[PDB]
file entry_35.cif (mmCIF, C-alpha atoms and all ligand atoms)
data_target
loop_
_atom_site.label_atom_id
_atom_site.label_comp_id
_atom_site.auth_asym_id
_atom_site.auth_seq_id
_atom_site.Cartn_x
_atom_site.Cartn_y
_atom_site.Cartn_z
CA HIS A 7 18.33 6.20 -0.80
CA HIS A 8 17.17 8.92 -3.23
CA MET A 9 13.70 8.43 -4.68
CA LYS A 10 13.78 7.85 -8.43
CA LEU A 11 10.91 9.54 -10.29
CA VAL A 12 11.03 9.01 -14.06
CA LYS A 13 9.55 11.63 -16.40
CA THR A 14 6.67 10.75 -18.72
CA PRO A 15 5.24 12.78 -21.63
CA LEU A 16 2.42 14.06 -19.35
CA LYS A 17 3.14 16.99 -17.05
CA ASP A 18 3.41 16.03 -13.35
CA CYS A 19 2.83 12.36 -14.16
CA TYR A 20 5.74 10.17 -12.99
CA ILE A 21 6.95 6.60 -12.76
CA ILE A 22 8.44 5.62 -9.39
CA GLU A 23 11.30 3.21 -10.03
CA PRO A 24 12.28 1.34 -6.85
CA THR A 25 15.80 0.86 -5.51
CA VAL A 26 15.73 -2.82 -4.56
CA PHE A 27 18.26 -4.17 -2.08
CA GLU A 28 18.87 -7.89 -2.43
CA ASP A 29 20.45 -10.25 0.09
CA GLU A 30 20.42 -13.87 1.27
CA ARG A 31 16.86 -13.94 2.60
CA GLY A 32 15.27 -12.08 -0.32
CA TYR A 33 14.99 -8.34 -1.02
CA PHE A 34 13.73 -5.11 0.48
CA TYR A 35 12.86 -1.66 -0.81
CA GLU A 36 11.23 1.59 0.22
CA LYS A 37 8.17 1.66 -1.99
CA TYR A 38 7.03 5.20 -1.21
CA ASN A 39 8.14 8.09 0.98
CA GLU A 40 5.99 11.21 1.27
CA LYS A 41 8.83 13.56 2.25
CA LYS A 42 11.02 12.50 -0.66
CA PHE A 43 8.15 12.71 -3.12
CA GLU A 44 7.08 16.18 -1.97
CA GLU A 45 10.71 17.40 -2.00
CA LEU A 46 11.10 16.27 -5.61
CA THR A 47 7.78 17.42 -7.02
CA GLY A 48 6.35 20.25 -4.96
CA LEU A 49 3.09 18.26 -5.20
CA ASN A 50 0.89 16.87 -2.43
CA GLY A 51 2.25 13.50 -1.30
CA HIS A 52 -0.34 12.74 1.42
CA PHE A 53 -2.37 9.66 0.46
CA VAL A 54 -5.52 9.02 2.52
CA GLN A 55 -7.12 5.91 1.02
CA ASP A 56 -5.84 2.59 -0.34
CA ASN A 57 -7.95 0.38 -2.62
CA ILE A 58 -7.41 -3.13 -3.97
CA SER A 59 -9.04 -4.98 -6.83
CA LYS A 60 -8.52 -8.39 -8.42
CA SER A 61 -9.84 -8.95 -11.96
CA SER A 62 -9.47 -11.49 -14.74
CA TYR A 63 -7.79 -11.25 -18.16
CA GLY A 64 -9.26 -8.57 -20.40
CA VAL A 65 -11.20 -6.72 -17.73
CA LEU A 66 -10.80 -3.05 -18.67
CA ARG A 67 -11.86 -0.31 -16.22
CA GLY A 68 -11.92 3.41 -17.08
CA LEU A 69 -11.47 6.15 -17.93
CA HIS A 70 -12.46 7.46 -14.48
CA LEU A 71 -11.97 10.59 -12.39
CA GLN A 72 -13.62 12.70 -9.70
CA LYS A 73 -14.43 16.32 -10.55
CA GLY A 74 -13.42 19.57 -8.90
CA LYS A 75 -12.48 19.64 -5.23
CA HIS A 76 -13.06 15.85 -5.08
CA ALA A 77 -10.35 15.10 -7.67
CA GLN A 78 -8.04 12.25 -6.64
CA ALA A 79 -4.37 11.91 -7.41
CA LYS A 80 -3.63 8.18 -7.75
CA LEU A 81 -0.46 6.17 -7.06
CA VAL A 82 -1.04 2.84 -8.72
CA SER A 83 0.79 -0.46 -8.98
CA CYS A 84 0.21 -4.12 -9.68
CA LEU A 85 0.71 -6.55 -6.78
CA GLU A 86 0.11 -9.76 -8.77
CA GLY A 87 0.09 -10.37 -12.52
CA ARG A 88 0.37 -7.67 -15.17
CA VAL A 89 -1.77 -4.70 -16.22
CA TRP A 90 -1.58 -1.98 -18.86
CA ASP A 91 -2.39 1.32 -17.17
CA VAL A 92 -3.36 4.55 -18.98
CA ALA A 93 -3.55 8.18 -17.84
CA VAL A 94 -5.08 11.14 -19.73
CA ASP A 95 -4.33 14.76 -18.85
CA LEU A 96 -7.64 16.65 -18.70
CA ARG A 97 -6.37 19.96 -17.27
CA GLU A 98 -7.48 22.56 -19.82
CA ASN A 99 -4.58 24.83 -18.76
CA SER A 100 -1.94 22.08 -19.11
CA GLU A 101 0.48 22.00 -22.03
CA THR A 102 -0.26 18.24 -22.20
CA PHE A 103 -4.07 18.60 -22.07
CA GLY A 104 -5.70 15.85 -24.10
CA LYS A 105 -2.56 13.67 -24.25
CA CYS A 106 -2.37 10.08 -23.02
CA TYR A 107 0.32 7.77 -21.72
CA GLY A 108 0.25 4.05 -21.03
CA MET A 109 2.65 1.63 -19.40
CA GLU A 110 2.82 -1.90 -18.04
CA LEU A 111 2.65 -2.30 -14.26
CA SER A 112 3.48 -5.75 -12.92
CA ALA A 113 4.35 -7.61 -9.75
CA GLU A 114 7.65 -8.39 -11.42
CA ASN A 115 8.60 -4.85 -12.40
CA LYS A 116 7.48 -3.29 -9.08
CA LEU A 117 6.78 0.02 -10.82
CA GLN A 118 4.35 2.63 -9.54
CA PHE A 119 2.58 5.23 -11.66
CA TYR A 120 1.64 8.63 -10.20
CA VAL A 121 -1.47 10.13 -11.87
CA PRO A 122 -2.12 13.75 -10.76
CA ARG A 123 -5.45 15.32 -9.92
CA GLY A 124 -7.17 16.48 -13.12
CA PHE A 125 -6.31 13.29 -15.01
CA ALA A 126 -8.50 10.39 -16.01
CA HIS A 127 -7.23 6.89 -15.33
CA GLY A 128 -7.91 3.32 -16.39
CA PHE A 129 -6.32 -0.07 -16.85
CA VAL A 130 -6.70 -3.44 -18.57
CA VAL A 131 -5.68 -6.82 -17.17
CA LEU A 132 -3.02 -8.47 -19.33
CA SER A 133 -2.45 -11.66 -17.30
CA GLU A 134 -4.82 -14.48 -16.36
CA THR A 135 -5.73 -12.44 -13.26
CA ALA A 136 -4.18 -9.38 -11.64
CA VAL A 137 -4.31 -7.61 -8.28
CA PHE A 138 -4.31 -3.83 -8.74
CA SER A 139 -3.47 -1.35 -5.97
CA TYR A 140 -4.36 2.32 -6.04
CA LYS A 141 -3.75 4.91 -3.34
CA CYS A 142 -5.73 8.14 -3.60
CA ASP A 143 -4.89 11.57 -2.23
CA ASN A 144 -8.59 12.42 -1.75
CA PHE A 145 -11.70 10.65 -0.57
CA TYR A 146 -14.40 8.87 -2.56
CA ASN A 147 -17.36 10.99 -3.69
CA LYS A 148 -19.93 9.37 -5.99
CA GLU A 149 -21.70 12.55 -7.05
CA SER A 150 -18.41 14.03 -8.27
CA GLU A 151 -17.60 11.16 -10.66
CA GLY A 152 -16.59 11.95 -14.23
CA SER A 153 -15.57 9.67 -17.07
CA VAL A 154 -14.20 9.46 -20.61
CA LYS A 155 -15.06 6.65 -23.02
CA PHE A 156 -12.01 4.36 -22.99
CA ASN A 157 -11.90 3.93 -26.81
CA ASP A 158 -12.71 7.54 -27.64
CA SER A 159 -11.54 8.15 -31.22
CA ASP A 160 -9.97 11.53 -30.40
CA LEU A 161 -7.70 9.96 -27.78
CA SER A 162 -7.12 6.78 -29.83
CA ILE A 163 -5.66 4.93 -26.84
CA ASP A 164 -3.87 1.64 -27.54
CA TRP A 165 -5.29 -0.82 -24.99
CA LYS A 166 -2.89 -3.53 -26.25
CA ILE A 167 -5.12 -6.63 -26.21
CA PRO A 168 -7.60 -7.67 -28.93
CA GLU A 169 -10.83 -5.70 -28.76
CA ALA A 170 -12.87 -8.93 -28.66
CA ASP A 171 -11.05 -9.82 -25.41
CA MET A 172 -12.01 -6.63 -23.53
CA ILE A 173 -14.59 -6.93 -20.74
CA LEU A 174 -16.33 -3.64 -19.89
CA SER A 175 -18.99 -2.70 -17.37
CA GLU A 176 -22.23 -1.22 -18.71
CA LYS A 177 -21.21 2.16 -17.27
CA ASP A 178 -17.82 2.09 -18.98
CA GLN A 179 -19.46 0.96 -22.24
CA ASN A 180 -21.64 4.09 -22.10
CA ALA A 181 -19.18 6.70 -20.79
CA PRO A 182 -19.39 10.04 -22.65
CA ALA A 183 -16.87 10.97 -25.34
CA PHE A 184 -13.80 13.07 -24.54
CA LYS A 185 -15.28 16.02 -26.45
CA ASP A 186 -18.42 15.92 -24.28
CA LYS A 187 -16.32 17.00 -21.27
CA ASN A 188 -17.75 14.82 -18.50
CA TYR A 189 -14.93 16.04 -16.30
CA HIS B 7 -18.56 0.83 4.10
CA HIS B 8 -17.67 1.21 7.81
CA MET B 9 -14.09 0.32 8.66
CA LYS B 10 -13.93 -2.73 10.92
CA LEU B 11 -11.25 -2.59 13.62
CA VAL B 12 -11.14 -5.69 15.82
CA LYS B 13 -9.80 -5.37 19.36
CA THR B 14 -6.70 -7.29 20.48
CA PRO B 15 -5.50 -7.76 24.10
CA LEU B 16 -2.98 -4.91 23.60
CA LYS B 17 -4.21 -1.34 24.05
CA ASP B 18 -4.53 0.65 20.77
CA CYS B 19 -3.45 -2.39 18.73
CA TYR B 20 -6.12 -3.47 16.19
CA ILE B 21 -6.80 -5.92 13.38
CA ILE B 22 -8.34 -4.34 10.28
CA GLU B 23 -10.83 -6.76 8.81
CA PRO B 24 -11.62 -5.90 5.18
CA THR B 25 -15.10 -5.75 3.71
CA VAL B 26 -14.56 -7.60 0.44
CA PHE B 27 -17.01 -7.23 -2.42
CA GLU B 28 -16.93 -10.19 -4.79
CA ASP B 29 -18.16 -10.05 -8.37
CA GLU B 30 -18.00 -11.81 -11.73
CA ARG B 31 -14.40 -10.81 -12.51
CA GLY B 32 -12.93 -10.97 -9.00
CA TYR B 33 -13.25 -8.66 -5.99
CA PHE B 34 -12.54 -5.21 -4.63
CA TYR B 35 -12.18 -3.63 -1.23
CA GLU B 36 -11.09 -0.45 0.49
CA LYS B 37 -7.93 -1.54 2.25
CA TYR B 38 -7.40 1.61 4.28
CA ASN B 39 -9.09 4.97 4.86
CA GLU B 40 -7.35 7.59 7.01
CA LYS B 41 -10.52 9.46 7.96
CA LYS B 42 -12.32 6.30 9.09
CA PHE B 43 -9.25 5.12 11.03
CA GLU B 44 -8.79 8.40 12.89
CA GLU B 45 -12.51 8.60 13.70
CA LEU B 46 -12.43 5.15 15.25
CA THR B 47 -9.13 5.36 17.14
CA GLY B 48 -8.34 8.99 17.95
CA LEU B 49 -4.85 8.11 16.70
CA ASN B 50 -2.79 9.52 13.86
CA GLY B 51 -3.85 7.93 10.58
CA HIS B 52 -1.34 9.75 8.29
CA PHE B 53 1.18 7.19 7.04
CA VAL B 54 4.27 8.64 5.35
CA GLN B 55 6.38 5.66 4.25
CA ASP B 56 5.59 2.29 2.67
CA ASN B 57 8.14 -0.53 2.73
CA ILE B 58 8.23 -3.94 1.06
CA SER B 59 10.31 -7.00 1.83
CA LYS B 60 10.38 -10.49 0.39
CA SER B 61 11.93 -13.29 2.44
CA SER B 62 12.19 -17.07 2.56
CA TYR B 63 10.73 -19.63 4.98
CA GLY B 64 11.98 -19.25 8.52
CA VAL B 65 13.40 -15.72 8.18
CA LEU B 66 12.53 -13.98 11.44
CA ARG B 67 13.04 -10.22 11.81
CA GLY B 68 12.61 -8.47 15.16
CA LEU B 69 11.80 -7.35 17.68
CA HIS B 70 12.30 -3.77 16.35
CA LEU B 71 11.27 -0.21 17.20
CA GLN B 72 12.42 3.40 16.96
CA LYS B 73 12.75 5.35 20.19
CA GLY B 74 11.24 8.62 21.34
CA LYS B 75 10.12 11.18 18.80
CA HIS B 76 11.16 8.82 15.98
CA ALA B 77 8.77 6.02 17.02
CA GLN B 78 6.81 4.55 14.08
CA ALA B 79 3.31 3.20 14.13
CA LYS B 80 3.11 0.36 11.63
CA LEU B 81 0.22 -0.88 9.55
CA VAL B 82 1.35 -4.27 8.32
CA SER B 83 0.06 -6.95 5.95
CA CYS B 84 1.23 -9.88 3.83
CA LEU B 85 0.86 -9.48 0.06
CA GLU B 86 2.08 -12.95 -0.90
CA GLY B 87 2.47 -16.09 1.21
CA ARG B 88 1.99 -16.30 4.99
CA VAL B 89 3.75 -14.75 7.99
CA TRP B 90 3.30 -14.89 11.75
CA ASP B 91 3.45 -11.33 13.08
CA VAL B 92 4.07 -10.30 16.70
CA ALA B 93 3.65 -6.99 18.58
CA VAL B 94 4.87 -6.15 22.11
CA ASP B 95 3.56 -3.16 24.07
CA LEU B 96 6.60 -1.38 25.53
CA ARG B 97 4.91 1.80 26.82
CA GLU B 98 5.75 2.05 30.52
CA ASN B 99 2.44 3.75 31.39
CA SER B 100 0.27 1.28 29.45
CA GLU B 101 -1.99 -1.19 31.22
CA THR B 102 -0.76 -3.77 28.69
CA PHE B 103 2.96 -2.96 29.08
CA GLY B 104 5.05 -6.07 28.53
CA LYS B 105 2.26 -8.08 26.91
CA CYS B 106 2.55 -9.56 23.42
CA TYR B 107 0.16 -10.58 20.66
CA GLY B 108 0.76 -12.66 17.57
CA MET B 109 -1.38 -13.48 14.53
CA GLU B 110 -1.14 -14.88 11.01
CA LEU B 111 -1.16 -12.34 8.16
CA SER B 112 -1.50 -13.83 4.69
CA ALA B 113 -2.39 -12.94 1.12
CA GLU B 114 -5.42 -15.20 1.51
CA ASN B 115 -6.83 -13.60 4.68
CA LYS B 116 -6.09 -9.99 3.61
CA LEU B 117 -5.84 -8.87 7.24
CA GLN B 118 -3.92 -5.84 8.42
CA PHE B 119 -2.37 -5.33 11.85
CA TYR B 120 -1.96 -1.89 13.40
CA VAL B 121 1.06 -1.64 15.72
CA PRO B 122 1.09 1.69 17.64
CA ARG B 123 4.08 3.84 18.47
CA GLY B 124 5.80 2.58 21.62
CA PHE B 125 5.52 -1.08 20.54
CA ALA B 126 8.11 -3.45 19.16
CA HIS B 127 7.30 -5.52 16.10
CA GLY B 128 8.58 -8.60 14.29
CA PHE B 129 7.50 -11.42 12.02
CA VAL B 130 8.57 -14.83 10.74
CA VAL B 131 7.88 -16.25 7.28
CA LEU B 132 5.64 -19.33 7.40
CA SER B 133 5.43 -20.15 3.66
CA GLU B 134 8.22 -20.95 1.19
CA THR B 135 8.51 -17.19 0.60
CA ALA B 136 6.41 -14.24 1.67
CA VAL B 137 6.05 -10.60 0.65
CA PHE B 138 5.55 -8.32 3.66
CA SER B 139 4.18 -4.76 3.46
CA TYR B 140 4.55 -2.19 6.19
CA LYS B 141 3.42 1.41 6.25
CA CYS B 142 4.99 3.66 8.87
CA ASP B 143 3.63 6.87 10.35
CA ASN B 144 7.13 8.24 10.94
CA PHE B 145 10.42 8.28 9.08
CA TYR B 146 13.46 6.00 9.37
CA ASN B 147 16.12 7.04 11.87
CA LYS B 148 19.07 4.70 12.46
CA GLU B 149 20.30 6.32 15.67
CA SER B 150 16.87 6.00 17.32
CA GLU B 151 16.60 2.23 16.83
CA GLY B 152 15.75 -0.01 19.76
CA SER B 153 15.27 -3.75 19.96
CA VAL B 154 14.16 -6.66 22.13
CA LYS B 155 15.54 -10.20 21.76
CA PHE B 156 12.88 -12.16 19.89
CA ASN B 157 13.04 -15.20 22.18
CA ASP B 158 13.33 -13.27 25.45
CA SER B 159 12.24 -15.62 28.23
CA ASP B 160 10.18 -13.00 30.07
CA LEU B 161 8.04 -12.44 26.97
CA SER B 162 8.07 -16.16 26.00
CA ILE B 163 6.68 -15.40 22.53
CA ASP B 164 5.39 -18.37 20.51
CA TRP B 165 6.89 -17.88 17.04
CA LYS B 166 5.10 -21.00 15.67
CA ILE B 167 7.87 -22.56 13.55
CA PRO B 168 10.67 -24.84 14.85
CA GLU B 169 13.56 -22.90 16.33
CA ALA B 170 15.95 -24.91 14.14
CA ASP B 171 14.22 -23.43 11.07
CA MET B 172 14.68 -19.78 12.16
CA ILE B 173 17.08 -17.59 10.17
CA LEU B 174 18.17 -14.45 12.04
CA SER B 175 20.50 -11.60 11.19
CA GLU B 176 23.53 -11.15 13.41
CA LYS B 177 21.97 -7.99 14.88
CA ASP B 178 18.74 -9.77 15.80
CA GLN B 179 20.68 -12.74 17.24
CA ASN B 180 22.34 -10.34 19.70
CA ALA B 181 19.46 -7.99 20.60
CA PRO B 182 19.31 -7.04 24.29
CA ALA B 183 16.88 -8.78 26.62
CA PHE B 184 13.51 -7.23 27.42
CA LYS B 185 14.68 -6.43 30.95
CA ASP B 186 17.74 -4.52 29.61
CA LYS B 187 15.32 -1.86 28.21
CA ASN B 188 16.80 -1.06 24.81
CA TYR B 189 13.65 0.96 24.08
CA CA A 201 2.78 16.35 3.15
#
call {"tool": "encode", "arguments": {"input": "entry_35.cif", "output": "structure tokens", "more": "lines below"}}
Ligand SMILES: [Ca+2]
result
Amino acid sequence: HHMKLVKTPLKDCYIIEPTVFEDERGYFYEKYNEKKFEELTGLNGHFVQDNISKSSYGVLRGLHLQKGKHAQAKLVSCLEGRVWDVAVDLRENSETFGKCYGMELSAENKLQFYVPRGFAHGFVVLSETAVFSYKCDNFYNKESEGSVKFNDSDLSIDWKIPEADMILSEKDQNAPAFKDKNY
Amino acid sequence: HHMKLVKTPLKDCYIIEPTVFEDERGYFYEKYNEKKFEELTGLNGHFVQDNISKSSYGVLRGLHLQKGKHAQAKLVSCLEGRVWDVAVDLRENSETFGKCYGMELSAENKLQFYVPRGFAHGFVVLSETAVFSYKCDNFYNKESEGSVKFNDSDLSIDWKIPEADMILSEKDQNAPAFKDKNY
């Protein structure tokens, strides 16, 4: 019954590990519960928007964020296939400012990854195709968008797959460096 | 960009039709947006709990509800496979009291079904297995639970699959009739 939030090296960034109940017909679990989450973290647990994408192997999207009062906390998971998901703490006041953390999200492992406001976020598709789910605690605002180049040499993120396999949009190919502070 | 809610014969009960953008690598869509939903319906759009179940062909769960102040509106969809989903309006003051509506929810069709508070809900798995997602706008409360027998003769619900294929829990096999008012 208790929600299980697992610590990561980034402050306020958590893995939600599900408690899965199995039985004859299959399984069931409580994927998310706002009251439990807010009780455990003291953070906002009210999500207002749910987004879905399906992409093919090697598609890499990120690192993305919305600035200021438009910043979005994200609760992300993989509904089909496998992805490698990365978060970067960009809060200048945070003891983990400038640090990154990555993890595999898959339909099989049923994990969710909570990325606070003030972070940048991205992911790469590891399987033939993957369906990616992200819930946001704030609404879309194009003008507020910020970004960090995914392969910025200061962050030195390990995106796991061969570089020749990565598929990037023109925007993500041209995102400003971490030191340029487009956030 | 506009959310598309499609009317059903039951008052306040809607189908959410997604606006799916296809591209080279796949697709993306906004599955849910609380602000758009509340603007269109005048109803509460703040969901607080997300639940997942996976079940095998013929598993039928329902008809279920929570009574009184614990009643849960449900936004339901099928993430893998195919289900037949049914809602019953049980609000005594409603012009559609006692009426039912069923529809197929599948991973392929990406539809969502909004079941208001004061309704009972259930579904049966049509494919070999199915993964069912339901978001609730209120929290679980065991004591508040109500139920209606899925094959109640006054409601005469068409559950699509052969009765011999249906797999029901002991509780659902013994749910009180619609006219006994366990709600
Ligand atoms: Ca709250």
call {"tool": "interface_residues", "arguments": {"input": "entry_35.cif", "of": "chain A", "to": "chain B", "cutoff": "9 Å", "atoms": "all atoms listed in the file", "output": "PDB file with C-alpha atoms, keeping the file's coordinate frame"}}
result
ATOM      1  CA  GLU A  30      20.420 -13.870   1.270  1.00  0.00           C
ATOM      2  CA  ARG A  31      16.860 -13.940   2.600  1.00  0.00           C
ATOM      3  CA  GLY A  32      15.270 -12.080  -0.320  1.00  0.00           C
ATOM      4  CA  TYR A  33      14.990  -8.340  -1.020  1.00  0.00           C
ATOM      5  CA  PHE A  34      13.730  -5.110   0.480  1.00  0.00           C
ATOM      6  CA  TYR A  35      12.860  -1.660  -0.810  1.00  0.00           C
ATOM      7  CA  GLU A  36      11.230   1.590   0.220  1.00  0.00           C
ATOM      8  CA  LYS A  37       8.170   1.660  -1.990  1.00  0.00           C
ATOM      9  CA  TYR A  38       7.030   5.200  -1.210  1.00  0.00           C
ATOM     10  CA  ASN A  39       8.140   8.090   0.980  1.00  0.00           C
ATOM     11  CA  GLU A  40       5.990  11.210   1.270  1.00  0.00           C
ATOM     12  CA  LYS A  41       8.830  13.560   2.250  1.00  0.00           C
ATOM     13  CA  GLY A  51       2.250  13.500  -1.300  1.00  0.00           C
ATOM     14  CA  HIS A  52      -0.340  12.740   1.420  1.00  0.00           C
ATOM     15  CA  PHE A  53      -2.370   9.660   0.460  1.00  0.00           C
ATOM     16  CA  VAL A  54      -5.520   9.020   2.520  1.00  0.00           C
ATOM     17  CA  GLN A  55      -7.120   5.910   1.020  1.00  0.00           C
ATOM     18  CA  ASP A  56      -5.840   2.590  -0.340  1.00  0.00           C
ATOM     19  CA  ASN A  57      -7.950   0.380  -2.620  1.00  0.00           C
ATOM     20  CA  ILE A  58      -7.410  -3.130  -3.970  1.00  0.00           C
ATOM     21  CA  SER A  59      -9.040  -4.980  -6.830  1.00  0.00           C
ATOM     22  CA  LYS A  60      -8.520  -8.390  -8.420  1.00  0.00           C
ATOM     23  CA  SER A  61      -9.840  -8.950 -11.960  1.00  0.00           C
ATOM     24  CA  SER A  62      -9.470 -11.490 -14.740  1.00  0.00           C
ATOM     25  CA  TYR A  63      -7.790 -11.250 -18.160  1.00  0.00           C
ATOM     26  CA  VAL A  65     -11.200  -6.720 -17.730  1.00  0.00           C
ATOM     27  CA  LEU A  85       0.710  -6.550  -6.780  1.00  0.00           C
ATOM     28  CA  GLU A  86       0.110  -9.760  -8.770  1.00  0.00           C
ATOM     29  CA  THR A 135      -5.730 -12.440 -13.260  1.00  0.00           C
ATOM     30  CA  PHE A 145     -11.700  10.650  -0.570  1.00  0.00           C
TER      31      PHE A 145
END
call {"tool": "closest_residue", "arguments": {"input": "entry_35.cif", "among": "A:90, A:165, A:43, A:103", "to": "ligand CA 201 (chain A)", "atoms": "only C-alpha atoms and all ligand atoms"}}
result
A:43
call {"tool": "atom_distance", "arguments": {"input": "entry_35.cif", "atom1": "CA of residue 189 in chain B", "atom2": "CA of residue 152 in chain B"}}
result
4.9 Å
call {"tool": "residues_around", "arguments": {"input": "entry_35.cif", "residues": "residue 88 in chain B", "least_positions_apart": "2", "cutoff": "6 Å", "atoms": "all atoms listed in the file", "output": "ChimeraX atom specification"}}
result
/B:111-112,132-133,136
call {"tool": "closest_residue", "arguments": {"input": "entry_35.cif", "among": "B:101, B:95, B:134, B:143", "to": "ligand CA 201 (chain A)", "atoms": "all atoms listed in the file"}}
result
B:143
call {"tool": "closest_residue", "arguments": {"input": "entry_35.cif", "among": "A:123, A:74, A:168, A:48", "to": "ligand CA 201 (chain A)", "atoms": "all atoms listed in the file"}}
result
A:48
call {"tool": "atom_distance", "arguments": {"input": "entry_35.cif", "atom1": "CA of residue 119 in chain A", "atom2": "CA of residue 78 in chain A"}}
result
13.7 Å
call {"tool": "residues_around", "arguments": {"input": "entry_35.cif", "residues": "range 184-188 of chain B", "least_positions_apart": "6", "cutoff": "8 Å", "atoms": "only C-alpha atoms", "output": "compact mmCIF listing (two decimals) with C-alpha atoms, keeping the file's coordinate frame"}}
result
# COMPACT_ATOMS: atom_id res chain seq x y z
CA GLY B 152 15.75 -0.01 19.76
CA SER B 153 15.27 -3.75 19.96
CA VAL B 154 14.16 -6.66 22.13
CA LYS B 155 15.54 -10.20 21.76
CA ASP B 158 13.33 -13.27 25.45
CA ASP B 160 10.18 -13.00 30.07
CA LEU B 161 8.04 -12.44 26.97
call {"tool": "atom_distance", "arguments": {"input": "entry_35.cif", "atom1": "CA of residue 128 in chain A", "atom2": "CA of residue 110 in chain A"}}
result
12.0 Å
call {"tool": "residues_around", "arguments": {"input": "entry_35.cif", "residues": "residue 12 in chain A", "least_positions_apart": "4", "cutoff": "12 Å", "atoms": "all atoms listed in the file", "output": "ChimeraX atom specification"}}
result
/A:16-24,43,46-47,117-120
call {"tool": "closest_residue", "arguments": {"input": "entry_35.cif", "among": "A:25, A:144, A:179, A:83", "to": "residue 7 in chain A", "atoms": "all atoms listed in the file"}}
result
A:25
call {"tool": "closest_residue", "arguments": {"input": "entry_35.cif", "among": "A:50, A:180, A:115, A:99", "to": "ligand CA 201 (chain A)", "atoms": "only C-alpha atoms and all ligand atoms"}}
result
A:50
call {"tool": "closest_residue", "arguments": {"input": "entry_35.cif", "among": "A:69, A:130, A:94, A:49", "to": "ligand CA 201 (chain A)", "atoms": "only C-alpha atoms and all ligand atoms"}}
result
A:49
call {"tool": "axis_aligned_box", "arguments": {"input": "entry_35.cif", "around": "range 162-175 of chain B", "padding_each_side": "3 Å", "output": "AutoDock Vina command-line options"}}
result
--center_x 12.8 --center_y -18.3 --center_z 18.1 --size_x 21.4 --size_y 19.3 --size_z 21.8
call {"tool": "decode", "arguments": {"input": "entry_35.cif", "residues": "range 75-85 of chain B", "atoms": "N, CA, C and O atoms", "output": "PDB file, in the first residue's frame"}}
result
ATOM      1  N   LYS B  75     -19.659  10.581  -0.933  1.00  0.00           N
ATOM      2  CA  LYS B  75     -18.525  11.486  -1.061  1.00  0.00           C
ATOM      3  C   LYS B  75     -17.263  10.788  -1.550  1.00  0.00           C
ATOM      4  O   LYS B  75     -16.299  11.473  -1.905  1.00  0.00           O
ATOM      5  N   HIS B  76     -17.244   9.458  -1.600  1.00  0.00           N
ATOM      6  CA  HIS B  76     -16.095   8.725  -2.109  1.00  0.00           C
ATOM      7  C   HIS B  76     -16.217   8.359  -3.581  1.00  0.00           C
ATOM      8  O   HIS B  76     -15.308   7.718  -4.114  1.00  0.00           O
ATOM      9  N   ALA B  77     -17.297   8.766  -4.249  1.00  0.00           N
ATOM     10  CA  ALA B  77     -17.488   8.422  -5.654  1.00  0.00           C
ATOM     11  C   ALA B  77     -16.298   8.894  -6.497  1.00  0.00           C
ATOM     12  O   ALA B  77     -15.727   9.959  -6.252  1.00  0.00           O
ATOM     13  N   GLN B  78     -15.921   8.083  -7.483  1.00  0.00           N
ATOM     14  CA  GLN B  78     -14.762   8.325  -8.337  1.00  0.00           C
ATOM     15  C   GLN B  78     -15.205   8.484  -9.779  1.00  0.00           C
ATOM     16  O   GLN B  78     -15.786   7.553 -10.355  1.00  0.00           O
ATOM     17  N   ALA B  79     -14.921   9.637 -10.369  1.00  0.00           N
ATOM     18  CA  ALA B  79     -14.953   9.712 -11.824  1.00  0.00           C
ATOM     19  C   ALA B  79     -13.749   8.972 -12.376  1.00  0.00           C
ATOM     20  O   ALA B  79     -12.685   8.941 -11.756  1.00  0.00           O
ATOM     21  N   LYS B  80     -13.924   8.339 -13.535  1.00  0.00           N
ATOM     22  CA  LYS B  80     -12.886   7.482 -14.087  1.00  0.00           C
ATOM     23  C   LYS B  80     -12.643   7.869 -15.526  1.00  0.00           C
ATOM     24  O   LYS B  80     -13.590   7.978 -16.316  1.00  0.00           O
ATOM     25  N   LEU B  81     -11.378   8.040 -15.864  1.00  0.00           N
ATOM     26  CA  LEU B  81     -10.958   8.277 -17.231  1.00  0.00           C
ATOM     27  C   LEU B  81     -10.190   7.035 -17.646  1.00  0.00           C
ATOM     28  O   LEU B  81      -9.094   6.789 -17.136  1.00  0.00           O
ATOM     29  N   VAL B  82     -10.763   6.248 -18.543  1.00  0.00           N
ATOM     30  CA  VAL B  82     -10.254   4.898 -18.767  1.00  0.00           C
ATOM     31  C   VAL B  82      -9.778   4.723 -20.202  1.00  0.00           C
ATOM     32  O   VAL B  82     -10.322   5.316 -21.138  1.00  0.00           O
ATOM     33  N   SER B  83      -8.782   3.856 -20.376  1.00  0.00           N
ATOM     34  CA  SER B  83      -8.276   3.535 -21.706  1.00  0.00           C
ATOM     35  C   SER B  83      -7.575   2.180 -21.659  1.00  0.00           C
ATOM     36  O   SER B  83      -7.344   1.605 -20.589  1.00  0.00           O
ATOM     37  N   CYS B  84      -7.250   1.668 -22.840  1.00  0.00           N
ATOM     38  CA  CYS B  84      -6.620   0.359 -22.992  1.00  0.00           C
ATOM     39  C   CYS B  84      -5.252   0.569 -23.611  1.00  0.00           C
ATOM     40  O   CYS B  84      -5.155   1.054 -24.739  1.00  0.00           O
ATOM     41  N   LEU B  85      -4.198   0.221 -22.868  1.00  0.00           N
ATOM     42  CA  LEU B  85      -2.827   0.455 -23.319  1.00  0.00           C
ATOM     43  C   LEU B  85      -2.255  -0.680 -24.137  1.00  0.00           C
ATOM     44  O   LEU B  85      -1.206  -0.503 -24.770  1.00  0.00           O
TER      45      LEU B  85
END
